[PDB]
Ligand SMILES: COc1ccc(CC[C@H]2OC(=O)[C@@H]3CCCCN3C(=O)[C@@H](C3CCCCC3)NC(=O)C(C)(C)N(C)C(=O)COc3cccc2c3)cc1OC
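Single chain ahead, written as structure tokens, the form deposited without this ligand.
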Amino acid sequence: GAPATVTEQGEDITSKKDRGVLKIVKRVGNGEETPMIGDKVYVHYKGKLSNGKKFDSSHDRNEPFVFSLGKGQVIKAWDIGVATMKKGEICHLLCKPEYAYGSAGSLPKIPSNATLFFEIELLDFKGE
């Protein structure tokens, strides 16, 4: 399925080249511009654990998730991954725990040392 495919066929987008964040572009976005550090970014996403369970979805809440890029307001894999996306793009990210919630995990559903899969859509980005 999709998590196996990004694990085996994804692009390492880390600056360390440590396979910690793998990406596949699923829907090509618009133009060539990617967001800037500090921009307000608006995303839709769904997250799955390596056991197949869905742990989160913004679609199910009928509102996007909004954060300031490159500020550590989200897991490192998202600050790195969303910074590579074009407006309108949909991608898959496969995130090792060192770029996600590490040994602590995140209650109630993310265990310690969890590799996470996300589908992310970059809806928009704007500077303040």
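Just count from 1 along the sequence shown to find any residue number.
Separately, the form deposited with this ligand bound exists; it is not shown, and the next lines address it.
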>> Open or blocked: after superimposing the binding-site C-alphas and transferring this ligand from its position in the bound PDB entry, do three or more ligand atoms sit within 2.4 angstroms of any backbone or C-beta atom?
In response: blocked
> Does this ligand come within 4.5 Å of any heavy atom of residue 56 in the bound PDB entry?
Replying inline: yes
>> Does any part of residue 19 reach within 4.5 Å of this ligand in the bound PDB entry? Heavy atoms only, please.
In response: no
> Hey, in the bound PDB entry, is residue 48 touching this ligand, heavy atoms inside 4.5 Å?
Replying inline: yes
>> At 4.5 Å between heavy atoms, is residue 72 in contact with this ligand in the bound PDB entry?
In response: yes
>> Could you pull out the residues of 112 to 128 that have any heavy atom within 4.5 Å of this ligand in the bound PDB entry?
In response: 116, 118
